4 protein chains.
Amino acid sequence: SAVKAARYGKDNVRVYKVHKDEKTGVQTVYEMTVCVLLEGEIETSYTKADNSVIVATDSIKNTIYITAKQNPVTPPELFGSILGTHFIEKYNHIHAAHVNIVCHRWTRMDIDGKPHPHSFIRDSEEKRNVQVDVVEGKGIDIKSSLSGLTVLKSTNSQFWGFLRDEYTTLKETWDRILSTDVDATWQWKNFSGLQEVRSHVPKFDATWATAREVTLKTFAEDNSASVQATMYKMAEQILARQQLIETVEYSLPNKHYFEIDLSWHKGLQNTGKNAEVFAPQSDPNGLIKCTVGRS
Amino acid sequence: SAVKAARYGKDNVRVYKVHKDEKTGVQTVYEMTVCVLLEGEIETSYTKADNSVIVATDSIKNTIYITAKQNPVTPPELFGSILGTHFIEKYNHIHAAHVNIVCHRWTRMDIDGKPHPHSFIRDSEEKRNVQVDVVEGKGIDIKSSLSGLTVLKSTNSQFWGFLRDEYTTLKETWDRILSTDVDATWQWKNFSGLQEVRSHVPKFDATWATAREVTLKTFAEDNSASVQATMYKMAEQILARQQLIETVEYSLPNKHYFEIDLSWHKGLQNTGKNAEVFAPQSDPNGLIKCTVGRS
Amino acid sequence: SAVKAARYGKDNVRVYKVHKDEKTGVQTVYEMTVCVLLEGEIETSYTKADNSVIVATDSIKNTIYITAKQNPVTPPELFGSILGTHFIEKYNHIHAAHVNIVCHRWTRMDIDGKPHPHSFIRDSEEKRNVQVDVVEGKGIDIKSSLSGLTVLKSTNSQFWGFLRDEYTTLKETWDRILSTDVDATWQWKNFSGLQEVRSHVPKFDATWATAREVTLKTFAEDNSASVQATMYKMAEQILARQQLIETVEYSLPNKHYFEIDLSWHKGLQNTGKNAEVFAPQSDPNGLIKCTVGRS
Amino acid sequence: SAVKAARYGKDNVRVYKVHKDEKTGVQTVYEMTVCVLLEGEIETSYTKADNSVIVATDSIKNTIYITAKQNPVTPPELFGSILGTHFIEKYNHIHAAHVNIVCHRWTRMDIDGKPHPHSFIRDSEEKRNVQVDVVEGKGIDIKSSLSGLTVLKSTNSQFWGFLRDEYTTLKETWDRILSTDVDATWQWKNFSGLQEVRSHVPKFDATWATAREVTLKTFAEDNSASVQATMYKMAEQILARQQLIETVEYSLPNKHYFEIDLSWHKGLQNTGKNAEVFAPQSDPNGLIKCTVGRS
Ligand SMILES: O=c1[nH]c(=O)c2nn[nH]c2[nH]1
Ligand SMILES: O=c1[nH]c(=O)c2nn[nH]c2[nH]1
Ligand SMILES: O=c1[nH]c(=O)c2nn[nH]c2[nH]1
Ligand SMILES: O=c1[nH]c(=O)c2nn[nH]c2[nH]1
Ligand code: NA
Ligand code: NA
Ligand code: NA
Ligand code: NA
């Protein structure tokens, strides 16, 4: 037998960081969950009990906090690139660092219509994430994303004209509910290393903002022919607004809301145009995926 | 043996309802999870296999949808009272109906600075809940609450002067992080029945708004001596602003953020005044409770 | 305003303990999650920022580990009683200690048909729990339970003869699936203090074993007329086998499995006697409760 | 813009199936959660609102139940292959079917030392899974796995000799706790189609059994030099016992149990040889991965 692939490190490292402006008293907080997995000349730790090649996961944990202490933790694309670069530069035998960061929301509170200098609220479990793969001799590959953005529209969603055969029971509809949890990923052009990442720092926050804004506006305004058609429109627009992105990926569940026929009860009408009460379905759910690139 | 207590029904009933304004095109959505448990002369279903006394849980489920179809689902205090009242009035042998409602957030989207007529976003897993106990001959007892309101302040929290003995290792602090998940309950004066509940309908939304506003403002502005002291201030203010409430209950975890001593590493200073990077602790957590009433 | 009730302490304290037999090499592990909440003359911590009355939750945490170090952690009824007793005896102003313990399963592995001296497997998320309320001048009240015991029977469950009216759509059935997650609680006679608890130590493990054995055997062998009827039989038997228990409580969801009519597809028969494929329903679910005592 | 990749279908389809022996009265149950995602000439559903190319996800759901009705659902490798094959053979424009199956445990109960004909218990959340990719012109690729197998050993785990530098604080140890959640995957030689899968049916259950048995025995008996070294031994043995497997993948968290120094309290000794009480750490955790193939 032989090791064909191997990576190891520390997962689920919770990190908080605060910035305090000594002049204004305004404080700003950041919270994330970090995973760092390393690859390199480490096969003998698996095959020969040779731990000398292992950078202990406990040490990787320490390194995550130390790096957050000495560097900005925002935008996460930059932090992840600095962290990953550290491992491949520090250890000669480590050749790739895989950094995943989940950013948690801490939005400044408004109290009496004025932003508070040091109080925050978790407004939704929506996350901003990055996957930063730092590979020696192959630069830095970054995938940025937003996830857990849960939305619903109560009309202006349709689904008709689909294939009908002996397995089909679904009725065509010209007016249905559409609800999903948005998982959207934009994949950046390869970067040659940390300097190139630094040269584009402002584009990371800007592109995340565009992705979110396009997602929400398209969802709200598209009289949707299907999840497929709507998600494609989102991807197209994001690609047109940031030329440094190569592809856009969407992963969308169709979280179904079923009509409830109540005509068995005193002839109550609750279907079609009379539909007011629906049953949200926890499972199963449609799952619709696509990766969109440049023609 | 004998039945000392018994209640049964349907839990986890997901319900959506939409309101459509035919004139303006504006739609409004409501989503909840409902539990209804009944008590009454039902002991023989347990002791003698006598199912004739059982209103099937499947039927309770149907009744929840039918009631949502024929009545407003807001405020949840009203809906729960109508639902509970139905069971005790409809079935002679049913003497209590216990209705729990969890309201899910569907906040209208703003697109290009203008509210959208039929698109919504789940802004946080914060819930608005009610527990409505409808008991024949004993009126309606309502407990309203907000839960899952997750907040953090990065300073203006203290904890010193606590008891110190041979079990104590915690250092006193004059500046720490405070984060919690707010669970706040206001208990209403007993109502004699559904008419009395109806007579106070506007106070339900108003009191929920006050509870939330007081929670947030007190959390942000109190230079906290402890969780205990801060939560008490919240309770006091809510009681002073709604005389129909008898008590206010708070349940607050202290979700700890620990300093990370990094001086072992190149003498890095990250404690006390130099503290920037912290380790959020998933567990354990302090848990602080109190019920506040009128003197 | 005034404090009407208050309790505080530390929740979610994970604890592991190992016992090593120096003679045989056999090791035995215990793992639990502990919550300790205290009551007493502590109202001024809430109303006057008087932290001198507070035993810090961090100290309660330390005390949990120290007590596990100096005392057996099994049976959990005993450990919880020792822990709770400590707080009310150690602190004059603390008058009640509320101890909740969740015991996690670590079952010894069998390797090549022989029990292994120090390797364990988590065989199910089924828990064994206790709630031990130690109240000064009122002894020790213990509620023991098993929870998360998930079971299914594929026949010998029925439900017919229930009430039918204009809200009823459920068909009567003489053969259905029954699945539930068992939550069973036995409430012990009040104990005057720790000595009395100690005098009954062997009965705690024995009664837990009986409760589980009765639950499983009754579930498997009862041709069930309803959840209500079956759970009552379980409670009766447990009460008859341990006279130190006063009441038995069951909390059982009916986790529904629905038939799937496939006759629309090539006349496939999958209902009634031909039912082979079913759709498990995640929600909603029936919820059936009862507390059984002695006549 | 252009579609670079696309797949869609139904996720989280819960399925139960029962087998009844008319002669013996013995019944056997199977429960799973199924996902089916399709690829093919479907890009116009995304780019041109052309739903004619869409096999509705609702129809995919129906097809999953119909296929379970007409075919054995065990072993899951076979069921997934039959299901995936159906879609690519039935629809000319569908060229790949991706089938994921999670099998849930329903182990027959033993009552009074005798196996019960129709009562089952969920003994752990451990799952048996398959990923079956059916691609037209490229056969069937199957990955089988076990997951959520949670284990602990209280000694005979070591970790010393790892790299030590300015980022290192971890002490070397010659006796520690090792606990993990086993995720083990065996990847089968490509199969040319469903007939070839059928020709190996008995090997699927046998290889799952071997994987589990090897996992448990190696975990229990290896005086472990590291997670890396131990997992490699498992992979090697599985590969040596089934020549139709090409690679074995392990994904193992190191779920840390920390010593608790209590010497600050009355000089209590709870470290090293005196270590009895430990603090399980929920996060962070080491994460160790490797894919092992044939040399
Ligand atoms: O938008 C939709 N896309 C689909 O592919 C589908 N299938 N069923 N319902 C659906 N809705
Ligand atoms: O606010 C706090 N209250 C407490 O009771 C406590 N105990 N430890 N830390 C604490 N912080
Ligand atoms: O056992 C049952 N009890 C009930 O009360 C019930 N209601 N619907 N189905 C049911 N099954
Ligand atoms: O088995 C282990 N492997 C590792 O790579 C490691 N790092 N810290 N502790 C560890 N334990
Ligand atoms: Na390197
Ligand atoms: Na009545
Ligand atoms: Na006392
Ligand atoms: Na095809």
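Chain D is numbered as in Swiss-Prot; shown residues: 2-296, in order.
Placed from the backbone N, Cα and C atoms, the Cβ positions cover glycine too.
As recorded in Swiss-Prot:
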MOD_RES   D:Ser2  N-acetylserine
ACT_SITE  D:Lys11  active site, charge relay system
BINDING   D:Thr58, D:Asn255  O2 binding site
BINDING   D:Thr58, D:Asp59, D:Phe160, D:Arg177, D:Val228, D:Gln229, D:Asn255  urate binding site
BINDING   D:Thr58, D:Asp59, D:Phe160, D:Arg177, D:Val228, D:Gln229, D:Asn255  5-hydroxyisourate binding site
ACT_SITE  D:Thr58  active site, charge relay system
ACT_SITE  D:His257  active site, charge relay system
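Residues from the recorded positions list (D:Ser2, D:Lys11, D:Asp59, D:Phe160, D:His257) with a C-beta closer than 6 Å to any atom of ligand 4: D:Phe160. Look at the residue listed as 'N-acetylserine': DSSP puts it in coil. Within 10 Å of the C-beta of the residue listed as 'N-acetylserine' there are 18 other C-beta atoms, taking all protein chains into account. Long-range Cβ proximity for D:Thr58 (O2 binding site), meaning a same-chain Cβ under 8 A and a gap of 6 or more residues, is found for D:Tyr9, D:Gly10, D:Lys11. Note on D:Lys11 (active site, charge relay system): other Cβ atoms within 10 Å of its Cβ, all shown chains, come to 25. Proximity of the recorded positions (D:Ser2, D:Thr58, D:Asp59, D:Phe160, D:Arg177) to ligand 1: a Cβ under 6 Å from the molecule is found for D:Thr58, D:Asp59. For D:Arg177 (urate binding site), the same-chain residues that are 6 or more apart in sequence and have a Cβ closer than 8 Å to its Cβ are D:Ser158, D:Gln159, D:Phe160, D:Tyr258. Comparing Cα positions, D:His257 (active site, charge relay system) lies closest to D:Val228 out of the binding-site residues D:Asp59, D:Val228, D:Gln229.
Shown are the binding-site residues D:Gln229, D:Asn255; of these, the residue with the fewest other Cβ atoms within 10 Å is D:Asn255. In this structure the residues listed as binding urate are D:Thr58, D:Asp59, D:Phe160, D:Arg177, D:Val228, D:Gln229, D:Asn255; their two most distant Cα atoms lie 52 Å apart. Closest in space to D:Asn255 (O2 binding site), of the recorded positions given as D:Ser2, D:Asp59, D:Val228, D:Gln229, is D:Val228, taking the CA atom of each residue. Minimal Cβ crowding within 10 Å, among the binding-site residues D:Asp59, D:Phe160, D:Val228, is found at D:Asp59.
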